[PDB]
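Dropping the structure in here first, questions after.
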Amino acid sequence: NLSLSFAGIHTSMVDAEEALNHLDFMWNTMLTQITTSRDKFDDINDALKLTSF
Amino acid sequence: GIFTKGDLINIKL
Amino acid sequence: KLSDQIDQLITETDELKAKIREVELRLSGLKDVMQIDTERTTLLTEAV
Amino acid sequence: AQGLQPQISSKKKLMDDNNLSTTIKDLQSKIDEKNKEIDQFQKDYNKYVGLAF
Amino acid sequence: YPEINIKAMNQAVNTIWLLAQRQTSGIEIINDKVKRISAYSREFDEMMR
């Protein structure tokens, strides 16, 4: 009987496995794009000529 | 999107 | 004593024959879920 | 709302899957088993009372 | 626009709802696997019509 109890728990975790992987990959996409936005924005200073700005 | 509404249910399940 | 052996044996069968009831009640319920994916394909490949 | 049409078909499927054609045969096995003991104990009581006199 | 047999489909929608209530798994997570599948498929037939 206890094997069936874990069987659903294992089945719940397999669906929780796939769900978090898509969740992590979107935040990893967003945390990348915020980071590469900030680091390129640190080049901004008044010495930049206006086309290069 | 990638993270669908069925994904977020499966976690909350 | 020899009759009481059979009295246990008939009791131990139907207790165990009650177990295959629950397994078959489960397995038939699970094969019902297995048919859902077969008709989910006929639903979706038409709707695609 | 659970559908009324499958709720009938749920019960109608339950009325076909029933042990009632089996357990009656199973209980009449045990009654005919226990009748063989009773038909044997009458032989015992008609023997020990014969011995007791 | 080749071929769409909704006789094979609206049966298949209805049987998924039919097999949703019918199933006797006796477990608590398939019981909200199928309920989420079947409530989509019924609403899928409604929203298509």
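Choose one of D:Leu4, A:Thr11, E:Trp17: the residue whose Cα lies farthest towards the positive end of the charge dipole of the protein assembly as shown (beta-carbon charges +1 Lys, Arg; -1 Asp, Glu; about the Cα centre).
It is D:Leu4, whose Cα lies furthest towards the positive end.
Right, next: Rounded to the nearest 20 debye, what is the charge dipole size of the protein assembly as shown about its Cα centre when +1 sits on each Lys and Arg Cβ and -1 on each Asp and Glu Cβ? Don't skip to the end; give the middle numbers.
Details: 28 positive and 34 negative charges, 128 e Å.
Value, rounded to 20: 620 debye.
Next question, about the same structure. Taking only Cα atoms, what is the 0 to 90° angle, nearest 10, from helix D:4-16's long axis to the longest principal axis of chain D?
So the inclination is approximately 20 degrees.
Please list 3J(HN,Hα) in residue order for segment E:24-35, calculated via the Karplus relation 6.51 cos²θ - 1.76 cosθ + 1.60 where θ = phi - 60°; whole Hz, with x for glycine and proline.
Whole-Hz 3J(HN,Hα) from phi for segment E:24-35: 10, 5, x, 9, 9, 10, 4, 5, 10, 7, 6, 4.
Work out how far the C-alpha atoms of the protein assembly as shown reach from end to end along every principal axis, then list the three figures in whole Å, largest first.
Sorted largest first, the three principal extents are 132, 45, 28 Å.
To the nearest whole percent, what portion of all C-alpha pairs in chain A is separated by more than 14 angstrom?
Values: 985 of 1378 pairs.
That fraction is 71 percent.
Once you've got the Cα coordinates, tell me which of B:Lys12/E:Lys7; C:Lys19/D:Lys30; C:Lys17/D:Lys30; C:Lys19/D:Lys13; B:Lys5/E:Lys7 are over 24 Å apart.
Going by Cα-Cα distance, B:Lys12/E:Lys7; B:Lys5/E:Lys7 fall outside the 24 Å limit.
Going by Cα centres, chain D and chain E are how many Å apart?
41 Å
Along the charge dipole of the protein assembly as shown, pointing to its positive end and built from +1/-1 on Cβ of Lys, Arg, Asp and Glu, which listed residue (D:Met15, B:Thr4, E:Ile27) has its Cα farthest out?
Of the options given, the answer is D:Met15.
What does the helix-only formula give at 222 nm for the protein assembly as shown: each DSSP H stretch with n ≥ 4 adding -39500 (n - 2.57), the total divided by the residues, and the result rounded to the nearest 500 deg cm²/dmol? Can you show the working numbers first?
Details: 7 runs with 172 residues, N = 216.
Helix contribution divided over all residues of the protein assembly as shown: -28000 deg cm²/dmol.
Next question. Using only the alpha carbons of chain C, what is the convex hull's orientation-averaged projected area in square nanometres?
Details: hull surface 12.4 nm².
Computing the convex hull of the Cα atoms and averaging its projections yields 3.1 nm².
Sort E:5-16, A:35-46 for me by packing, meaning the mean count of neighbouring Cβ atoms within 10 Å per residue, highest on top.
Working: E:5-16: 16.1, A:35-46: 8.4.
Top to bottom by mean Cβ count within 10 Å: E:5-16, A:35-46.
Where Rh is the Kirkwood radius over the Cα pairs of chain D, the temperature 20 °C and the viscosity 1.002 mPa s, what D in µm²/s does Stokes-Einstein return?
For these conditions, the coefficient is 142 µm²/s.
Regarding chain E, what's the average projected area of the Cα-atom convex hull, expressed in nm²?
Working: hull surface 15.6 nm².
Average of the hull's projected areas for chain E equals 3.9 nm².
For helix E:6-22, what angle does its Cα long axis make with the longest principal axis of chain E, in degrees from 0 to 90 and rounded to 10?
The angle comes out at about 10 degrees.
No value in this document is a laboratory result; all are computed from the given coordinates. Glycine also receives a Cβ, built like all others from the backbone with ideal geometry; neighbour counts cover every protein chain displayed.
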